[PDB]
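Engineer: Experimental coordinates for this protein are included below, preceded by the sequence.
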Protein chains: 2
Amino acid sequence: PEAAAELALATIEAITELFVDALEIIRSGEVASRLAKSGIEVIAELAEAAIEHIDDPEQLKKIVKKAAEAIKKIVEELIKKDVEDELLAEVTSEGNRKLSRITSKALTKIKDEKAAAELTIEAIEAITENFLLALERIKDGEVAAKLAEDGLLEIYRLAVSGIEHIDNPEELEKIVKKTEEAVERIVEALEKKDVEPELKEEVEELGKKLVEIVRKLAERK
Amino acid sequence: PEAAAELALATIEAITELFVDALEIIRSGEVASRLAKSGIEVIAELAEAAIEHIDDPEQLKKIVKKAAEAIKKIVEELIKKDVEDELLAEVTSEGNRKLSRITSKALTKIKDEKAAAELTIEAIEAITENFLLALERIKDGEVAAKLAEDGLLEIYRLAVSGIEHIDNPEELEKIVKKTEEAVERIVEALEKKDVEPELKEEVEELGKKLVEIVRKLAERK
């Protein structure tokens, strides 16, 4: 088991480093978007394949942390590039969704409630961070709104996916508290950029009503 | 597998008939609540155990239908009895949840759209039907409201749980249309019932909210 996890971690690190170098190299154009999408998918699938074989907490915890760092680094690299707004949005949204998926896949095995809450809070924090960087770059209101929409829906899906498996109010409190904070962070940041006010009210309203449903649902756990 | 399904169906029929007779016999008090609560879990667990074993889609579909019929039959039996309001509500509410769970377990093994739609639409229909009878004889507003609220959430958990396994807009339409009908039926019956406006407002508000999130999330596929 330890050797298998070591192979997973080593190859993930190596492939991530090579992709980082390549992303640095290429000078311009939509080939950047193509490469970003390809690398995101490759690392996501490769990391997910390892989860099927682990059987212990630290191995799972390290696997999740490594993957989260890798995908963060890739999108961070694309941030430096000049790229079209729509391609940037699709890239970062596509990257985030893959982090959500692997986050959910790993959580399915963690029997220790404390670790389950910890791994949860981490991913909710991580996905929130990425959306902040994209919001610092989007060139148009419609692009920013669409990313904001996906931010609420994905974080909700990750939040509930945790609540199903949590079982004791120590986890229930923290997952509720973290979800509230993350929702506020996204909404507060998104409100700062230039966008049509009516669309902004809609986005903020949707953000507000999701936290209510989460809180209503968590209370019934 | 056919023989295993035969054993499952036969024993489910036997136990159902036996509890039907017993519930007919007894004539007083909280012993009725005890009997119903114990009986519901017994049939559910036996169904869940059988569902673990493989089957052809139709065999699975029959298994789900049989269980749904049984738990409805027991609930209908208790309806004829006098009971304390809280015990009656907790009985039929707690019974309904077990139909939800078995429906969730069954859907995990489906592999075709026809079964996914049929099983989904049926269970959302059935769970809605039971609440109709519970509300048909509720004693007081506060008890009626608390169970009426649960009617929204427990339909939602099944609705989205189906949504995430479906893969085609044709199936998506069935889930969307059924969810709208179920929400309206609950709202209409609760509106007809006698209850304070303050509670009736939140019940209507939750319906307005909860259909929208399904409308968004089921569309995002």
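Structural biologist: Yep, that arrived. Residues are numbered from 1 along each chain as shown, chains lettered A, B, ... in the order given.

Engineer: Around chain B, pick out the residues from chain A.
Structural biologist: A:153, A:157, A:206, A:209-210, A:212-213, A:216-217, A:220 (Cβ under 8 Å from any Cβ of the partner chain). C-betas here are computed from N, CA, C, even on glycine.

Engineer: quick one, helices of chain A?
Structural biologist: Ranges of helices in chain A, per DSSP state H, are A:2-25, A:31-51, A:57-80, A:85-107, A:113-135, A:141-165, A:169-192, A:197-219.

Engineer: which of the residues of chain A next to chain B has the most neighbours?
Structural biologist: In terms of neighbours by other Cβ atoms under 10 Å in any protein chain shown, those top out with residue A:210 at 21 neighbours.

Engineer: shouldn't that residue be in contact with residue B:216?
Structural biologist: No. At 9.9 Å, residue A:210 and residue B:216 do not qualify as touching, with contact defined as Cβ atoms under 8 Å.

Engineer: nearest to residue A:51, of the residues of chain A next to chain B?
Structural biologist: Using Cβ to Cβ, residue A:157 comes nearest to residue A:51 of these, at 18.7 Å.

Engineer: what about residue A:181, how many neighbours?
Structural biologist: 15.

Engineer: Pull up the gap between it and chain B, please.
Structural biologist: Counting by Cβ to the nearest Cβ, to the nearest Å, the separation of residue A:181 from chain B is 21 Å.

Engineer: And that residue, how far from residue A:103?
Structural biologist: 18 Å (Cβ to Cβ, to the nearest Å).

Engineer: Test my guess that residue A:83 contacts residue A:33.
Structural biologist: Yes. Applying Cβ under 8 Å as the test, residue A:83 and residue A:33 come out as touching, 6.3 Å apart.

Engineer: Which neighbours do the two have in common?
Structural biologist: residue A:91 (Cβ atoms under 8 Å, 6 or more residues apart in numbering or on different chains).

Engineer: Can you name the residue of chain A nearest to chain B?
Structural biologist: Nearest residue of chain A to chain B: residue A:209, at 5.8 Å (Cβ to the nearest Cβ).

Engineer: In this structure that residue contacts residue B:209, no?
Structural biologist: Yes. Between residue A:209 and residue B:209 there is a contact under Cβ under 8 Å: 5.8 Å.

Engineer: Identify the residue spatially nearest to the residue nearest to the spatial centre of chain A, adjacent ones excluded.
Structural biologist: With distances taken as Cα atoms, centre = their mean, residue A:127 lies nearest the centre of chain A, 3.1 Å away. Leaving aside its chain neighbours, residue A:127 sits nearest to residue A:96 (5.2 Å; criterion: Cβ to Cβ, 6 or more residues apart in numbering or on different chains).

Engineer: Quick one: residues contacting residue A:84.
Structural biologist: A:30, A:33.

Engineer: Same question for residue A:159.
Structural biologist: A:124, A:175, A:179, A:214.

Engineer: Reformat these as CSV; add neighbour count.
Structural biologist: Output for the contacts of residue A:159, formatted as CSV (neighbours: other Cβ atoms under 10 Å in any protein chain shown):
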residue, neighbour count
A:124, 22
A:175, 23
A:179, 25
A:214, 20
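
Engineer: What lies in contact with stretch A:210-221?
Structural biologist: Counting by Cβ under 8 Å, 6+ apart, residues outside stretch A:210-221 touching it are A:152, A:156, A:159-160, A:163, A:166-167, A:172, A:175-176, A:179-180, A:183, B:150, B:153, B:209-210, B:213.

Engineer: do stretch A:91-99 as well
Structural biologist: By Cβ under 8 Å, 6+ apart, stretch A:91-99 touches A:33, A:36-37, A:40-41, A:44, A:67-68, A:71, A:74-75, A:78, A:83, A:123, A:126-127, A:130-131, A:133-134, A:147, A:150, A:154.

Engineer: May I see the buried residues of it?
Structural biologist: Neighbour counts over stretch A:91-99 (16 or more other Cβ atoms under 10 Å in any protein chain shown) mark A:91-96, A:98-99 as buried.

Engineer: residues contacting residue A:12?
Structural biologist: So residue A:12 contacts A:43, A:46-47, A:66-67, A:70 (Cβ under 8 Å, 6+ apart).

Engineer: Quick one: buried ones out of those residues?
Structural biologist: A:43, A:46-47, A:66-67, A:70.

Engineer: tell me the two of the residues you listed that are most distant?
Structural biologist: A:46 and A:66 (10.9 Å).

Engineer: quick one, phi/psi of residue A:81?
Structural biologist: phi -80, psi 150 (degrees, to the nearest 10).

Engineer: what number of residues lie near the nearest residue to residue A:83 once chain neighbours are set aside?
Structural biologist: The shortest distance from residue A:83 to any non-neighbouring residue, by Cβ to Cβ, 6+ apart, is to residue A:32 (5.8 Å). Using other Cβ under 10 Å, residue A:32 has 21 other residues around it.

Engineer: residues in contact with residue A:32?
Structural biologist: Applying Cβ under 8 Å, 6+ apart, the residues contacting residue A:32 are A:23, A:26, A:78, A:81, A:83.

Engineer: switch to 10 Å and redo it
Structural biologist: A:23, A:26, A:77-78, A:81-84, A:87-88, A:91 (Cβ atoms under 10 Å, 6 or more residues apart in numbering or on different chains).
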